[PDB]
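Okay, so here's just one chain, in structure tokens, the form deposited without the DNA.
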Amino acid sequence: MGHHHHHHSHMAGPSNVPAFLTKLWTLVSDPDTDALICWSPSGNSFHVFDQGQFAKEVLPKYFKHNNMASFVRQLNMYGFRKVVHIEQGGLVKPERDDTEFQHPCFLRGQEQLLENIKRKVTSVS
């Protein structure tokens, strides 16, 4: 049953999700890495904790880099918005960043909407 056909221009159907979002969605869902990246109650977004530690172990584990700015940059091309729920300043609030990336085509039980989340056709779609 050939759903995978050659030359997918701007198509979506047989897992046209880029490798980044494929790792990412499962990363948020993963119980080991849940400590440093966990989904919001709705499942439409995800939070990232300890930017330095996450970038140190989690990023070279799922992705092929340790730099966090690279991870965030991909998401800006995917249309995700950064929302920080920790008011970072002279407060007694926890010693971590709350880094929530939100997207309407990113749901916790919708892998087929990750290939509706596109970066560009001039590279991997």
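We number the residues from 1 along the sequence you see.
A second form of this protein, the form solved in complex with the DNA, is not displayed here; the remarks below concern that form.
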Legend entry - Proximity of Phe63 to the DNA in the bound PDB entry, heavy atoms at 4.5 Å: yes
Inset, instruction - Would you please decide whether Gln74 lies within 4.5 angstroms of the DNA in the bound PDB entry, comparing each non-hydrogen atom pair? - result: yes
Inset, instruction - Although the DNA is absent from this view, report whether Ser70 comes within 4.5 Å of it in the bound PDB entry, heavy atoms only. - result: yes
Legend entry - Contact test in the bound PDB entry: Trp39 vs the DNA, heavy atoms, 4.5 Å: no
